[PDB]
>>> print(open('work.txt').read())   # compact mmCIF, C-alpha atoms
# COMPACT_ATOMS: atom_id res chain seq x y z
CA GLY A 1 -0.03 12.23 7.42
CA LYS A 2 -3.44 12.46 5.77
CA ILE A 3 -4.99 10.23 3.14
CA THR A 4 -8.53 10.49 1.69
CA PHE A 5 -10.27 7.52 0.13
CA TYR A 6 -13.07 8.13 -2.42
CA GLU A 7 -15.68 5.59 -3.34
CA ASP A 8 -15.80 6.48 -7.06
CA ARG A 9 -13.14 7.19 -9.66
CA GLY A 10 -11.88 10.70 -10.16
CA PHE A 11 -12.36 11.86 -6.54
CA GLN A 12 -16.10 11.55 -6.69
CA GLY A 13 -18.56 10.04 -4.23
CA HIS A 14 -18.45 9.50 -0.52
CA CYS A 15 -14.95 9.87 0.98
CA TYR A 16 -13.16 9.34 4.26
CA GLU A 17 -9.94 10.70 5.69
CA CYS A 18 -7.47 8.84 7.79
CA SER A 19 -4.52 10.41 9.65
CA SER A 20 -3.18 7.31 11.40
CA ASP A 21 -3.27 3.51 11.22
CA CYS A 22 -6.79 2.27 10.66
CA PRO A 23 -7.26 -1.52 11.08
CA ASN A 24 -10.77 -1.68 9.66
CA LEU A 25 -12.06 0.95 7.24
CA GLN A 26 -15.26 -1.04 6.37
CA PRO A 27 -17.47 1.15 8.55
CA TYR A 28 -16.40 4.35 6.80
CA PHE A 29 -16.65 3.47 3.04
CA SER A 30 -17.64 0.47 0.98
CA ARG A 31 -15.27 0.59 -1.96
CA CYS A 32 -12.31 2.70 -3.04
CA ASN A 33 -11.70 3.84 -6.59
CA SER A 34 -9.63 6.96 -6.07
CA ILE A 35 -7.30 8.33 -3.33
CA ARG A 36 -5.62 11.60 -2.52
CA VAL A 37 -2.51 11.38 -0.32
CA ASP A 38 -1.86 14.80 1.24
CA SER A 39 1.04 13.64 3.32
CA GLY A 40 2.83 10.65 4.75
CA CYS A 41 3.86 7.31 3.34
CA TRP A 42 1.13 4.71 3.59
CA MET A 43 0.61 1.03 3.16
CA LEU A 44 -2.92 0.15 2.12
CA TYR A 45 -4.42 -3.29 2.51
CA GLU A 46 -7.17 -5.14 0.71
CA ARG A 47 -8.63 -6.63 3.90
CA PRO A 48 -9.04 -5.45 7.47
CA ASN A 49 -6.37 -6.00 10.07
CA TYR A 50 -3.60 -5.45 7.58
CA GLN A 51 -4.02 -8.48 5.43
CA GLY A 52 -4.39 -9.31 1.72
CA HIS A 53 -2.79 -7.41 -1.12
CA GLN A 54 -0.73 -4.46 0.08
CA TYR A 55 0.03 -1.28 -1.77
CA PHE A 56 2.46 1.46 -1.05
CA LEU A 57 1.47 5.03 -1.70
CA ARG A 58 3.14 8.42 -1.16
CA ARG A 59 1.76 11.98 -1.65
CA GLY A 60 -0.12 12.48 -4.85
CA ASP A 61 -3.41 12.05 -6.66
CA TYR A 62 -4.58 8.64 -7.76
CA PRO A 63 -7.76 8.94 -9.80
CA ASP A 64 -8.27 5.23 -10.27
CA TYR A 65 -7.19 2.08 -8.53
CA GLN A 66 -4.84 0.99 -11.24
CA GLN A 67 -2.75 4.07 -10.27
CA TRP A 68 -1.67 2.30 -7.08
CA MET A 69 -1.46 -1.11 -8.75
CA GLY A 70 -4.68 -2.15 -7.01
CA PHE A 71 -6.07 -5.65 -7.60
CA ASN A 72 -9.61 -4.39 -7.16
CA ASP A 73 -11.51 -1.56 -5.36
CA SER A 74 -11.19 -3.00 -1.89
CA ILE A 75 -9.15 -0.96 0.66
CA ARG A 76 -10.05 -2.14 4.19
CA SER A 77 -7.11 -1.12 6.37
CA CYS A 78 -4.12 1.20 6.18
CA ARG A 79 -0.96 1.95 8.04
CA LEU A 80 0.84 5.33 8.18
CA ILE A 81 4.52 4.21 8.12
CA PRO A 82 6.68 6.19 10.54
CA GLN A 83 9.30 8.33 8.93
CA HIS A 84 12.80 7.11 9.58
CA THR A 85 15.72 9.49 9.23
CA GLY A 86 19.25 8.28 9.00
CA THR A 87 20.35 4.90 7.66
CA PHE A 88 17.95 2.19 6.64
CA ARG A 89 19.51 -1.28 7.18
CA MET A 90 18.32 -4.79 6.54
CA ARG A 91 20.09 -8.13 6.25
CA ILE A 92 18.91 -10.78 3.81
CA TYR A 93 19.73 -14.50 4.07
CA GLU A 94 19.85 -17.27 1.49
CA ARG A 95 18.05 -19.75 3.79
CA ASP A 96 15.36 -19.52 6.41
CA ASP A 97 16.02 -18.87 10.07
CA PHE A 98 18.86 -16.51 9.27
CA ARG A 99 21.05 -19.24 7.73
CA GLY A 100 23.30 -19.23 4.67
CA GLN A 101 25.04 -16.27 3.18
CA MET A 102 23.88 -12.94 4.59
CA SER A 103 24.06 -9.66 2.74
CA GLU A 104 23.41 -6.23 4.31
CA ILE A 105 21.39 -3.70 2.32
CA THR A 106 21.24 -0.01 3.21
CA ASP A 107 20.08 1.38 -0.12
CA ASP A 108 17.28 0.80 -2.59
CA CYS A 109 17.82 -2.29 -4.69
CA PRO A 110 15.92 -2.42 -7.94
CA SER A 111 17.19 -5.88 -8.81
CA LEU A 112 18.35 -8.44 -6.28
CA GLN A 113 19.19 -10.80 -9.21
CA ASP A 114 21.56 -8.14 -10.69
CA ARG A 115 23.16 -7.08 -7.33
CA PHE A 116 23.25 -10.48 -5.48
CA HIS A 117 22.52 -13.17 -8.09
CA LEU A 118 19.47 -14.12 -5.98
CA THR A 119 15.88 -14.63 -7.07
CA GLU A 120 14.63 -15.76 -3.62
CA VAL A 121 15.26 -14.55 -0.04
CA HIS A 122 14.31 -16.98 2.67
CA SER A 123 14.77 -14.85 5.71
CA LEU A 124 15.61 -11.25 6.44
CA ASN A 125 16.14 -9.00 9.47
CA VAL A 126 15.12 -5.37 9.25
CA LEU A 127 17.20 -3.48 11.69
CA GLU A 128 16.40 0.16 10.89
CA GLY A 129 13.72 1.86 8.86
CA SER A 130 10.78 0.36 7.06
CA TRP A 131 11.02 -0.99 3.57
CA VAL A 132 8.79 -2.38 0.84
CA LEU A 133 9.70 -5.74 -0.63
CA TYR A 134 8.55 -6.45 -4.18
CA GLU A 135 8.04 -9.78 -5.83
CA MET A 136 9.68 -8.63 -9.07
CA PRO A 137 12.56 -6.41 -9.98
CA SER A 138 12.13 -2.72 -10.64
CA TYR A 139 9.42 -2.42 -7.94
CA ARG A 140 6.87 -4.61 -9.61
CA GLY A 141 4.54 -7.40 -8.59
CA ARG A 142 3.10 -8.03 -5.14
CA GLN A 143 4.32 -5.62 -2.44
CA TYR A 144 5.04 -6.37 1.15
CA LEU A 145 5.77 -3.89 3.94
CA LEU A 146 8.69 -4.70 6.12
CA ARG A 147 8.90 -2.95 9.45
CA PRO A 148 11.82 -3.37 11.88
CA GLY A 149 11.92 -6.86 13.24
CA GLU A 150 12.87 -10.40 12.40
CA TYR A 151 11.36 -12.27 9.43
CA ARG A 152 12.52 -15.90 9.82
CA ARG A 153 10.59 -17.17 6.91
CA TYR A 154 8.76 -15.69 3.91
CA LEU A 155 5.42 -16.25 5.52
CA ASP A 156 6.35 -13.69 8.17
CA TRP A 157 6.18 -10.87 5.61
CA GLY A 158 2.87 -12.10 4.24
CA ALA A 159 4.08 -13.66 1.02
CA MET A 160 2.98 -16.95 -0.49
CA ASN A 161 6.48 -17.47 -1.88
CA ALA A 162 10.09 -16.42 -1.31
CA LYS A 163 10.62 -14.58 -4.57
CA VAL A 164 12.02 -11.13 -3.95
CA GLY A 165 12.99 -9.04 -6.86
CA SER A 166 13.53 -5.58 -5.41
CA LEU A 167 13.55 -3.66 -2.17
CA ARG A 168 12.80 0.02 -1.56
CA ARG A 169 13.30 2.08 1.58
CA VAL A 170 10.19 3.95 2.72
CA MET A 171 11.25 7.53 2.36
CA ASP A 172 9.13 10.59 1.69
CA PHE A 173 10.23 12.85 -1.14
CA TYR A 174 11.54 15.20 1.54
>>> encode(input="work.txt", output="structure tokens")
Amino acid sequence: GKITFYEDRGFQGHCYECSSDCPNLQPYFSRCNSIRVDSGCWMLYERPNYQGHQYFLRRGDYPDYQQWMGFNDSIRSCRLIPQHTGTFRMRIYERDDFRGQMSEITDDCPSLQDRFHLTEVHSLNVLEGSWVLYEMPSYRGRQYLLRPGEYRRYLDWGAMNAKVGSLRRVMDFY
């Protein structure tokens, strides 16, 4: 994968290219107002060390930060999410610590309220593939990257609440 961050809108200004995870981009550019993704699926973060608002991006041109739903022009770390081929599988639970009713999800889910009659998920286990969890249905609101592993409580995925409105598998167009 390859992503280039530009300091000004419209691909202008100083830029920097990243081809792998970068935990602290502060030494390479001071603000980010446009990005070109040449390849790969990436999760961008507002602060270093993969914290703050997160944003998912795939190949394409993004001439302004609103194109990636950015909160502001701060991009201080990024992860290249490994491509997973085959089945994506996660289990969601009604309560924390993997309690209550569990449901297994192996496809994209644009509305957990519509499919499961749930507006909150209190724990989840991602068994295969990486996914992006969205606060609101139809892939809206705050985004959270979920990589394989156990998430015993909402805090584990970085959220300040347990609302989960949709889930998308991280898959490249090809």
>>> residues_near_point(input="work.txt", point="(17.9, -19.0, 12.8)", cutoff="9 Å", atoms="only C-alpha atoms", output="PyMOL selection string")
chain A and resi 96-99+123+152
>>> write_last_selection(input="work.txt", atoms="C-alpha atoms", output="compact mmCIF listing (two decimals), keeping the file's coordinate frame")
# COMPACT_ATOMS: atom_id res chain seq x y z
CA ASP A 96 15.36 -19.52 6.41
CA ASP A 97 16.02 -18.87 10.07
CA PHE A 98 18.86 -16.51 9.27
CA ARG A 99 21.05 -19.24 7.73
CA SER A 123 14.77 -14.85 5.71
CA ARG A 152 12.52 -15.90 9.82
>>> closest_residue(input="work.txt", among="A:116, A:29, A:88, A:62", to="residue 103 (chain A)", atoms="all atoms listed in the file")
A:116
>>> residues_around(input="work.txt", residues="residue 21 (chain A)", least_positions_apart="4", cutoff="6 Å", atoms="all atoms listed in the file", output="PyMOL selection string")
chain A and resi 78-80
>>> closest_residue(input="work.txt", among="A:17, A:135, A:64, A:94", to="residue 157 (chain A)", atoms="all atoms listed in the file")
A:135
>>> closest_atom_pairs(input="work.txt", of="region 119-152 of chain A", to="region 159-163 of chain A", cutoff="8 Å", atoms="only C-alpha atoms", output="CSV")
residue,atom,partner,partner_atom,distance
A:119,CA,A:163,CA,5.8
A:120,CA,A:163,CA,4.3
A:121,CA,A:162,CA,5.6
A:122,CA,A:162,CA,5.8
A:135,CA,A:163,CA,5.6
A:136,CA,A:163,CA,7.5
A:144,CA,A:159,CA,7.4
>>> residues_around(input="work.txt", residues="residue 69 (chain A)", least_positions_apart="5", cutoff="12 Å", atoms="only C-alpha atoms", output="list in words")
residues 33, 34, 44, 45, 46, 53, 54, 55, 56, 57, 62, 63, 64, 139, 140, 141, 142 and 143 of chain A
>>> residues_around(input="work.txt", residues="residue 114 (chain A)", least_positions_apart="4", cutoff="10 Å", atoms="only C-alpha atoms", output="ChimeraX atom specification")
/A:109-110,118-119,137,165-166
>>> closest_residue(input="work.txt", among="A:149, A:158, A:86, A:10", to="residue 134 (chain A)", atoms="all atoms listed in the file")
A:158
>>> residues_near_point(input="work.txt", point="(12.4, -11.6, 10.5)", cutoff="7 Å", atoms="all atoms listed in the file", output="MDAnalysis selection string")
chainID A and resid 123:126 149:153 156
>>> atom_distance(input="work.txt", atom1="CA of residue 31 (chain A)", atom2="CA of residue 58 (chain A)")
20.0 Å
>>> closest_residue(input="work.txt", among="A:12, A:19, A:4, A:113", to="residue 60 (chain A)", atoms="only C-alpha atoms")
A:4
>>> closest_residue(input="work.txt", among="A:6, A:174, A:42, A:68", to="residue 130 (chain A)", atoms="only C-alpha atoms")
A:42
>>> axis_aligned_box(input="work.txt", around="region 129-136 of chain A", padding_each_side="6 Å", output="lines of an AutoDock Vina configuration file")
center_x = 10.9
center_y = -4.0
center_z = -0.1
size_x = 17.7
size_y = 23.6
size_z = 29.9
>>> atom_distance(input="work.txt", atom1="CA of residue 3 (chain A)", atom2="CA of residue 132 (chain A)")
18.8 Å
>>> atom_distance(input="work.txt", atom1="CA of residue 18 (chain A)", atom2="CA of residue 169 (chain A)")
22.7 Å
